[PDB]
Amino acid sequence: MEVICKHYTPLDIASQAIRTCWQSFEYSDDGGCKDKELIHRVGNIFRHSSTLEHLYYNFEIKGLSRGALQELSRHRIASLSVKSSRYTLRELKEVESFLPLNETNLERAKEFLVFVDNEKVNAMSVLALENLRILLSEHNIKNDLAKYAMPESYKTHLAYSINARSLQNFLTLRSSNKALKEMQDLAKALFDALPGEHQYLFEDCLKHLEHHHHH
């Protein structure tokens, strides 16, 4: 799994919005430590958390399992353009069988499958991958029908955009130890992809200081 932050809204956009409520520009730093500190003090007060919505982040996500896509898509206050299995499963036509399950076929399978910490499941996923490319390549069955045999370990790719407020929500919900392992990884990857200057607005989301049982 690889996550990249393709674009982000400059920090002061948020400080400029906050001061607009109280008309306290006279105390503006134009992006100085005072303004930055303001976004964190006001932006984190629930009644005024909406101020962080002005901050947007354009990410790219590679290698996420479709099973994890099921969960990512539930965060409805965000935008995504996802690789369609309906429009792209043909990618398995000109591909060699993944069986027998030898050392080099397993590695080849990783291009299309997300492996987890259990050799047997990974094996089964590859068996599902093989049967899938058999339907698509050897019997030219259409994507719309063949997709039904595809394992959720199958890899997806997506462009993902989300504002700061919704992102704190995502990180709080997914960095939690109650979330699927892969999703916890997505959460961290997202945070890490974030520009150093903005991370202070999301750090406490990985700490769970209000509900510590999540770590």
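Residue numbers run from 1 along the displayed sequence.
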item	value
Stretch exceeding the other in mean C-alpha B-factor - 77 to 85, 136 to 144	136 to 144
Greater mean Cα temperature factor according to the PDB record, 197 to 205 or 20 to 28	20 to 28
From 167, 179, 69, 33, residue of greatest CA B-factor	33
Peak C-alpha temperature factor (PDB record), options 186, 52, 150, 45	45
Residue 113, C-alpha B-factor rank within chain (lowest, middle or highest third)	middle
Chain-wide C-alpha B factor ranking for residue 129, given as lowest, middle or highest third	lowest
